[PDB]
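A.B. asks: generate coordinates for the sequence data below:
(chains A, B, C, D, E, F, G, H and I, ligands or ions: 7)
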Amino acid sequence: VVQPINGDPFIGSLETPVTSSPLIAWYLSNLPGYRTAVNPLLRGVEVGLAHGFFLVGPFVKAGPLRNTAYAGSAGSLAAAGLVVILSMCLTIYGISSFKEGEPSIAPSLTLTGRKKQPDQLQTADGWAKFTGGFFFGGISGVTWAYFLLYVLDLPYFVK
Amino acid sequence: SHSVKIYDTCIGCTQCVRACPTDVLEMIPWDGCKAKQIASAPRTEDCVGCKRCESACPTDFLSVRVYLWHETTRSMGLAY
Amino acid sequence: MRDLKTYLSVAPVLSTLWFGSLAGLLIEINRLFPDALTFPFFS
Amino acid sequence: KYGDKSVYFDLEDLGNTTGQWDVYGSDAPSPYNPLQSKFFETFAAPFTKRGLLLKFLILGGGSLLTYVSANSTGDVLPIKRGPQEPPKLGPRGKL
Amino acid sequence: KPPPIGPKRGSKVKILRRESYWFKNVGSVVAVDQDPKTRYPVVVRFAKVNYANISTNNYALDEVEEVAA
Amino acid sequence: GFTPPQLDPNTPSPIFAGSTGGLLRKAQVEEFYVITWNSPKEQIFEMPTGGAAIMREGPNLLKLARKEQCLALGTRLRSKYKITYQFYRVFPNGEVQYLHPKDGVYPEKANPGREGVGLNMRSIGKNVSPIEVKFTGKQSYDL
Amino acid sequence: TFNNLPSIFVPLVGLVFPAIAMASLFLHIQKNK
Amino acid sequence: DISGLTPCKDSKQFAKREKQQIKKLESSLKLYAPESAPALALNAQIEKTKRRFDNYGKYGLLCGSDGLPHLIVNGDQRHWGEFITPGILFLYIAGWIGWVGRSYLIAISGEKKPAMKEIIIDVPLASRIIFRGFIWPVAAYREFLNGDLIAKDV
Amino acid sequence: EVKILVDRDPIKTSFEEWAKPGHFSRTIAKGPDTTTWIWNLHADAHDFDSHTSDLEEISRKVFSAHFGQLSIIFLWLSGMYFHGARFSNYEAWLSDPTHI
Ligand code: CLA
Ligand code: CLA
Ligand code: CLA
Ligand code: CLA
Ligand code: CLA
Ligand SMILES: CC1=C(/C=C/C(C)=C/C=C/C(C)=C\C=C\C=C(C)\C=C\C=C(C)\C=C\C2=C(C)CCCC2(C)C)C(C)(C)CCC1
Ligand code: SF4
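C.D. replies: Numbering: from 1, shown residues only, chains lettered A, B, ... in the order given. Ligands and ions are numbered 1, 2, ... in the order given. Take a look at the structure below.
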């Protein structure tokens, strides 16, 4: 089912099973990157929580102090630092890409041709709310990963 | 963008513009040669700078001449 | 043949002939007169 | 019209022509619980001013970095532990 | 004038044009456009090509000078 | 005021199974250079975005990426298939600028009705040195 | 404290001054008036 | 004895180089029979080495502290066999090459398509010229006086 | 269906084209105005798809060129086997191959 995007052959993409399928499109459409209708703050919270855990993963066990007793604590600290930096670069991104009050640069159309509402994430205040959610969610996910490594160390692998 | 210029040594052979892939050039009438035509460059905004025009100018050095200048999205030849 | 000699006179064929003759010359000189650093005749 | 037989240049609907599509941008409503959403709103609205967020991030991160590197001892980083070893005399005496 | 204005067809000529490949080099006039409105009538034919593999070019009357030979 | 633009209508597009060399976000915020041509038969041609397309019998329409794409296509059309072509420029606001002949005639036939610009009435060596135009916007070649 | 000043200034300089500098310079790049 | 260099006929390290190379070639000589081709070739190389060292001794070469002949180029009459006599021997041949080539290019210059004579070398013409560079130091001098060596701009 | 379709005396054996270098191409078979010509004489030497447009002459050219390559490899193996025969220690290497 490799017919082009929206059946439009002169747009540079295709509706292959990987892009446009009932399972993978649904998955890419019901996650906080593409929830264009809900406010960007909850989206950013979800995103930051997930990436905070994903970053605390390869800092405790993989790192300069992984074998020491300071593995979990200092690794979570480095993960929170990387999260602060990611919110930092997200912030300069929101400042540089769109200024203060312009309308959303997101597409106001869908595959079915409906003149949907534009994604307010791409606005200034919207991206700022998204960055705030990302920072809050990321620090929270870092400390929760630290908590789970603390109180529930035995089921997880140490190696 | 780029500044294409046609000097008065042109013989009006229409190779500069038949080689130009971006419609930058066009032949106009003139009274300076046996062919009674000379090339002009109105659409320099569409000039990428490929110098196919001056790789086909059969003169002492050149008559058409491309000067590299402020590069925009269309002079840089970007589809994005 | 005129054209065979025209080809033998071409630059690579004549170059390899000339440098084979020359190389044989210098080779036989460095075999008959080996290990030469100074010109001793009327030295 | 964009929906005609192999017509992709609806000059009025330039979004469908140029490819402006939310390819996966579902406009479905908030699937989160309202109470936790309000909780996150009230607890992350401080991070709403991107400029204040950036100033806070840079300054507090630099402060925490200096604090960690100044209060950390040599047990967590060998550079602050010091030599704890006699110095080798270099070549030619020491020069 | 209706009579010839420039060098003769075959007159070996020198190029005073500083931007040409054959500057300070001799040539061979093959034609002279007798129209009294063209700017570079003197069609020369040189012996060695330029960088564009071209042996001929139009020159003016003041950008050309015949040799004593 | 002798040749009017053509104002391309909603014509059909060639049969093509879709590629990746098509229209990116440049079209969504800048021009994208529609081309229109008129085929005698349903024949097959190489697309400038890579891949083979099947042009339709009658008028066609292609919105590819940029000027060089449509002009390369049109040159291949005119030389290989001997077919009249004309292409445009479609800004995202809506305007459609006509560009390829701009006189109904291709830009090789020196047809009167076009004003000569980019025209320095001198040989190329008689341009002034840069010091003569130092600290001036004119670089070397606009006097 | 003199032995503790590199521990304050090197993490300060080589990480924050890149943060400040690269951020402010990216903002200066991506600007419009 | 100039430049702090002892001659090779009265040098110690030069004879030491000789002895060391001879012992090296003799160590590779006790692996074959003394009448077979390898041993005969090794003995020939040995005599070649010994005569080489003795010839460098008898020519008055100057061997430094490292024990190798250091050639003198300054112009000392004793050491014109080092640079100046072979230098003249070179320049005579090199100018032969240049002069026959130049007279060849001038010979084909009055051709319809001269370049084909640079590809397809006219061997009769060159062979009639190939010995004309024997007298290059006088023909070139006259072409310089007559004005035929250097071209005129026009 | 399959056959031995083969035509006789298509090309003449003659040194006439040896004397005219660059004969195979149009721009090269007129003379060296420049030195690049000789580089184009070797570059396009085996570019038979550019010399002609029909695949028949190209196929014949590459077939006989493969024959020349096989001649070269047979001559190379001749050299190797010969040098083994005359200028080698193979007759001695069989005795003590782990040390010779
Ligand atoms: C030039 C200045 C500079 C300085 C001072 C540091 C300092 C450090 N680096 Mg290095 N690094 C640098 C440049 C620098 N980096 C560059 C240019 C690169 C790329 C080549 C790296 C790549 C690198 C890697 C790959 C790793 C380090 C690691 C480390 C830590 C030492 C490991 C250890 O034993 O302590 C152990 C100390 C800890 C586990 C605690 C970490 C403290 C965190 C980061 C402070 C959080 C503060 C704040 C919230 C975020 C920063 C704010 C921002 C404005 C700067 C230390 C914090 C290691 C590390 O720990 O990083 C995770 C490590 O794995 N660095
Ligand atoms: C440019 C640098 C350079 C220089 C100056 C030399 C110089 C020399 N090398 Mg070295 N060499 C070099 C580069 C150089 N080489 C390179 C790059 C390589 C690697 C390819 C070698 C490899 C090499 C080896 C392996 C050997 C040398 C040898 C020699 C010596 C040659 C003596 C000889 O046989 O000539 C004698 C003269 C001739 C061959 C020319 C004869 C010319 C004919 C007869 C015409 C002249 C007569 C004519 C009719 C005019 C007469 C007068 C009258 C009629 C008018 C000499 C010291 C050999 C040697 O003995 O080392 C000391 C030696 O074994 N060289
Ligand atoms: C010896 C007799 C002979 C003669 C007189 C001819 C004459 C001719 N042949 Mg024929 N040919 C011959 C033998 C001969 N051929 C053989 C034995 C083969 C099989 C390989 C061919 C295969 C052949 C083909 C496929 C073609 C010709 C063509 C031609 C014509 C032009 C050839 C030319 O100018 O290039 C002269 C080229 C050379 C003199 C050199 C060629 C290279 C040789 C074969 C091998 C080089 C080996 C060498 C050691 C490798 C390099 C390494 C080195 C650096 C150490 C001409 C009519 C062409 C023709 O008519 O098309 C218009 C053509 O297409 N010939
Ligand atoms: C089955 C093997 C095979 C065959 C039949 C061909 C045949 C051809 N190739 Mg292909 N090719 C091959 C292998 C092969 N090639 C390999 C292995 C490579 C990787 C490098 C290439 C890369 C390649 C490119 C990039 C191009 C070709 C081209 C060509 C065509 C013309 C070549 C020509 O005229 O040069 C004739 C022969 C020469 C010019 C001599 C080459 C000189 C070599 C590099 C000398 C140095 C190598 C040597 C071993 C080192 C010793 C040095 C010593 C002499 C001092 C011809 C159709 C060209 C083409 O079709 O143009 C349109 C082209 O552009 N080939
Ligand atoms: C049993 C039949 C047979 C055999 C043995 C071969 C063998 C070979 N063919 Mg093939 N060929 C055959 C049938 C056969 N062919 C048929 C029926 C056709 C027509 C469709 C072709 C068309 C064909 C083309 C177009 C080409 C080959 C090539 C080759 C050579 C490839 C290089 C190689 O591996 O060298 C290994 C070398 C050997 C095995 C040495 C064998 C020496 C004998 C004498 C020649 C092969 C037997 C020969 C077919 C008999 C013909 C009768 C003759 C005695 C009068 C190889 C010699 C290629 C080649 O190299 O060109 C020269 C090539 O370009 N052949
Ligand atoms: C003695 C000596 C020395 C020194 C020397 C010197 C210093 C010299 C100089 C010299 C010089 C200072 C020179 C100059 C010259 C110049 C010129 C100017 C020339 C010219 C020439 C010509 C032109 C030629 C030509 C030719 C010929 C003849 C050959 C071949 C051909 C030709 C044609 C190439 C020493 C001690 C070191 C060592 C020993 C020896
Ligand atoms: S290529 Fe040069 S000479 Fe020919 S028409 Fe164009 S400008 Fe004139």
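A.B. asks: what sits against residue D:94?
C.D. replies: Counting by C-beta atoms under 8 Å, 6 or more residues apart in numbering or on different chains, residue D:94 touches no other residue. Heads up, the C-betas are built off the backbone N, CA and C, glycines and all.
A.B. asks: oh sorry, the question was meant for residue C:3
C.D. replies: Taking C-beta under 8 Å, 6+ apart, one finds I:14-16, I:18-19 in contact with residue C:3.
A.B. asks: how close does the residue of chain E found nearest ligand 1 sit to chain I?
C.D. replies: Across chain E, the shortest distance to ligand 1 (C-beta to the nearest ligand atom) belongs to residue E:51, at 49.0 Å. For residue E:51, the distance to chain I equals 9 Å [C-beta to the nearest C-beta, to the nearest Å].
A.B. asks: is the longest helix along chain I positioned near ligand 5?
C.D. replies: Using DSSP state H, we find that the single longest helix of chain I is helix I:55-85. Yes - judged by C-beta under 6 Å from any ligand atom, helix I:55-85 and ligand 5 are in contact via I:63, I:66-67, I:70.
A.B. asks: how far off centre is the following helix or strand past that helix?
C.D. replies: Past helix I:55-85, further along toward the C-terminus, the next helix or strand under DSSP states H and E is helix I:90-93. Centroid separation between helix I:90-93 and its chain, computed with C-alpha atoms, centre = their mean, to the nearest Å, is 35 Å.
A.B. asks: next, the buried residues of the longest helix of chain I.
C.D. replies: The neighbour-count check on helix I:55-85 (16 or more other C-beta atoms under 10 Å in any protein chain shown) flags I:58, I:61 as buried.
A.B. asks: do stretch B:41-56 as well
C.D. replies: B:41-44, B:46-54, B:56.
A.B. asks: tell me how far the ends of that stretch are from each other?
C.D. replies: Start to finish, the residues bounding stretch B:41-56 are 15 Å apart (C-alpha to C-alpha, to the nearest Å).
A.B. asks: got a list of contacts for that stretch?
C.D. replies: By C-beta under 8 Å, 6+ apart, stretch B:41-56 touches B:1-6, B:15-26, B:62, B:64-66, B:68, B:71-72, B:74-77, E:52, F:67-68, F:99, F:102, F:114-115, F:117-118.
A.B. asks: how about it and ligand 7, any contact?
C.D. replies: Yes - against ligand 7, stretch B:41-56 shows contacts by C-beta under 6 Å from any ligand atom at residue B:56.
A.B. asks: still on that earlier bit, now the contacts of residue C:3 as TSV including secondary structure, neighbour count and distance to residue H:37?
C.D. replies: Formatted as TSV, those follow (DSSP: H, G, I helix; E, B strand; the rest coil; neighbours: other C-beta atoms under 10 Å in any protein chain shown; distance: C-beta to C-beta, whole Å):
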residue	secondary structure	neighbour count	distance to residue H:37
I:14	coil	11	48
I:15	coil	15	44
I:16	helix	15	49
I:18	helix	16	43
I:19	helix	19	47
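A.B. asks: return the set of buried residues in the lengthiest helix in chain F.
C.D. replies: When chain F is parsed with DSSP H, its longest helix is helix F:67-76. By neighbour count on 16+ other C-beta under 10 Å, the buried set for helix F:67-76 is F:67-71, F:73-74.
A.B. asks: just want the angle from the first helix or strand past it going along the chain to helix F:67-76.
C.D. replies: The helix or strand immediately downstream of helix F:67-76 is strand F:85-90, counting by DSSP H and E. Using axes from the mean of the first three to the mean of the last three C-alpha atoms, to 10 degrees, the direction of strand F:85-90 lies 170 degrees away from that of helix F:67-76.
A.B. asks: can strand F:85-90 be found next to chain A?
C.D. replies: No - using C-beta under 8 Å from any C-beta of the partner chain, strand F:85-90 stays clear of chain A, with a minimum separation of 12.4 Å.
A.B. asks: so which elements touch that strand?
C.D. replies: strand F:34-39, helix F:67-76, strand F:96-98 (3 or more C-beta pairs under 8 Å, 6 or more residues apart in numbering or on different chains; DSSP states H and E).
A.B. asks: ok, it: who's next to it in the sheet?
C.D. replies: Partner strands and pairing direction for strand F:85-90 (DSSP bridges) are strand F:34-39 (antiparallel), strand F:96-98 (antiparallel).
A.B. asks: just the CA trace of it, in CSV.
C.D. replies: Extracted in CSV, the C-alpha atoms of strand F:85-90 (Å, rounded to 0.1, in the frame of the first residue of the first chain):
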residue,chain,number,x,y,z
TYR,F,85,5.2,23.9,-22.9
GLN,F,86,4.8,26.8,-20.4
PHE,F,87,5.5,26.9,-16.7
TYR,F,88,4.6,29.3,-13.8
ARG,F,89,5.4,30.2,-10.3
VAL,F,90,2.8,29.7,-7.5
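A.B. asks: what residues does it touch?
C.D. replies: D:9, D:11, D:14, D:17, F:6, F:8, F:27, F:31-38, F:63, F:67, F:70-71, F:73-74, F:77-78, F:96-101.
A.B. asks: mind doing that once more with 6 Å?
C.D. replies: F:8, F:31-37, F:70, F:74, F:77, F:96-100 (C-beta atoms under 6 Å, 6 or more residues apart in numbering or on different chains).
A.B. asks: mind checking which of these are buried?
C.D. replies: F:8, F:31-37, F:70, F:74, F:77, F:96, F:98-100.
A.B. asks: what about the residue in chain I positioned nearest to ligand 2, neighbour count?
C.D. replies: Here the residue of chain I nearest ligand 2 is residue I:87; by C-beta to the nearest ligand atom that distance is 21.2 Å. Neighbourhood size, residue I:87 [other C-beta atoms under 10 Å in any protein chain shown]: 8.
A.B. asks: if I look at it, how far off is residue H:37?
C.D. replies: 11 Å (C-beta to C-beta, to the nearest Å).
A.B. asks: same check on residue F:141?
C.D. replies: Separation of residue F:141 from residue H:37 (C-beta to C-beta): 79 Å.
A.B. asks: these two: which is more packed in?
C.D. replies: More crowded of residue F:141 and residue H:37, by other C-beta under 10 Å: residue F:141, with 18 against 9.
A.B. asks: which residues touch that one?
C.D. replies: Contact analysis of residue F:141 by C-beta under 6 Å, 6+ apart lists B:5, F:127.
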